[PDB]
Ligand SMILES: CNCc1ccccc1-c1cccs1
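Coming up is one lone chain in structure tokens, specifically the form deposited without this ligand.
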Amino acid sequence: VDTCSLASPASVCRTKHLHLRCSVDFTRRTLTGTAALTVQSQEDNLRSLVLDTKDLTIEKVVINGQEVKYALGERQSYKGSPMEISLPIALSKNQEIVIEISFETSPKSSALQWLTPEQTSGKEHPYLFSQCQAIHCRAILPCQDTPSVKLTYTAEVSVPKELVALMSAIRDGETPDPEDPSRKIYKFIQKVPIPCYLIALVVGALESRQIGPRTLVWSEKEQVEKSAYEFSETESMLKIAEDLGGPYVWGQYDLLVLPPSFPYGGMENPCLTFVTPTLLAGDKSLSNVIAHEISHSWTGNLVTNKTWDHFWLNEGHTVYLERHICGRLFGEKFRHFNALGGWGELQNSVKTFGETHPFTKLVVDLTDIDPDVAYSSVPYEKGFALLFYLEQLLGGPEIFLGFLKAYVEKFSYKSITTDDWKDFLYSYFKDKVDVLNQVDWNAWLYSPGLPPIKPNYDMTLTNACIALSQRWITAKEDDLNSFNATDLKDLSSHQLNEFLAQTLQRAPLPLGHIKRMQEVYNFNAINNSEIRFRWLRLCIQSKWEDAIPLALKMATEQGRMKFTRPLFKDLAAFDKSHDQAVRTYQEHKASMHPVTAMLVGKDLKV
């Protein structure tokens, strides 16, 4: 059972389909309409069921054409309020009925960010986007808000006629709205069963450009050309992913480039991946995020974690596939470079939480924990590290990719636990059980801290990064003259980033060192978001007051939490910028994404 959901579990009843009919009201910042849930009883004599809700106003519940009794329980913090519905006729096992709930969202919906025209590229029209993962779908519509249940869906969405609606589904046409000529209705169909966290909606002044046989990129007009170029490797990556994972079942693979406040690098919404505009580096160098989102089309969207305690199944396997895609495109030495960088990020995460912290376990226990507070690189990188270690134990990448494909095929359209995964690993590799039994399963799956063993990494591309980082760390004042722009001449953007990551792991450095780094490398000029993030962190941690306005600007001009949270935290930790950091958060809080505002507030103790 799912300790993050208040709804009836899958063992009691299962939602098979959602038909959503709604209207997006920008004047009120509300979504209003009806959610018709087709529900299948899993029990004899079923007379009631419970759904998740969060800050929803319920008008009525209709079954068999008549209003029925319901009750909203008390709010249980971030979990929201349970909604018990009294069924008019007792159901037999496997009987299906349709329950139509009339509802309206709150402007404060934690699933939604409502943007004013000023907050968009075009400055004329407003914009709305959703982000349900993990447990925010209940803040859009009443549902069994657990990934243990998979449903198909159809939707009709009425929007102001100058705007476009898109969803995690196949577009099924548009018409003027008969109830309001100032509006358009956009229709959508998702015929593959999905967990509700994958329900997504965007409304805005959107344009599209074709970039491959099954891919359009969508954004505001101002970003279309740059996005088409940035993500032009998409089809090549989809082809490799199909080779590794099996058939792509979702029809199209479109991309949507969101406004800068989108809180994450990407979200693998089926048919329509959402990405941060912080990927728009100009040189395709941050395309691994696209590889990651593509990979979720198998690991996550087809094979799904049964509860959020098992989130590493989604992420570890996706990072594993991501790094294989990038290895195929750019070589095995590059895969190792990225794998080793990932271990570095895991080191950082473990150090941040502390080596005994429960959020550093691979399988977590989210009982009475807000999923958004637990979120970190751990499931990604500790999960990847386990799979990479197993690859090395079991005879290499060709062999292990055989397992991955078989795993996806075995559990397609299902929701599974860590034990399901482990049982299948043992089944697939039955002739290697002696090797499998050498793994310290209790440590890897259930213990906090760094894994009990570190995999073997090729160091070829990393060596120059470490060498230069070490030169800086061990430099004394009289060595600073020796550094020069030529030091960087043979380093790729990825290597510059890794040099900064290595150096940040030892921060602070002396202020004069950091001043010299700017003098000779001109890192202030680099617009690549990953590099700029790490550089500004290094500058702030090393107490360079000149970097304060730069870091405040980056923290607020975009909202990807990977960057915004640590920049604010670093600015708060620096005495010279502390008061400004707090004031800046206070001033921006009302117009921030609701989850980002919550987490930055928590980080700052404000």
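Note that residue numbering follows the sequence shown and begins at 1.
This next part talks about the form solved in complex with this ligand, which is not shown.
A.B. asks: Counting any non-hydrogen atom inside 4.5 Å, which residue from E391, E156, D254, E220 sits next to this ligand in the deposited complex?
C.D. replies: Partner contact (heavy atom, 4.5 Å) among the options: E156.
A.B. asks: Exactly one residue in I101, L166, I185, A139 has a non-hydrogen atom within 4.5 Å of this ligand in the deposited complex; which is it?
C.D. replies: By the 4.5 Å heavy-atom cutoff, the listed residue in contact is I185.
A.B. asks: Given that the partner is absent here, state which listed stretch (176 to 184, 392 to 400, 478 to 486, 69 to 77) has heavy atoms within 4.5 Å of this ligand in the deposited complex.
C.D. replies: Of the options given, it is 176 to 184.
A.B. asks: Do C22 and this ligand share at least one heavy atom pair within 4.5 Å in the deposited complex?
C.D. replies: Answer yes; at least one heavy atom of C22 falls within 4.5 Å of this ligand in the deposited complex.
A.B. asks: Within a 4.5 Å heavy atom cut-off, is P566 in contact with this ligand in the deposited complex?
C.D. replies: No, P566 is distant from the partner.
A.B. asks: Answer with yes or no whether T32 is in contact with this ligand in the deposited complex, where contact means some heavy atom within 4.5 Å.
C.D. replies: Contact with this ligand, yes.
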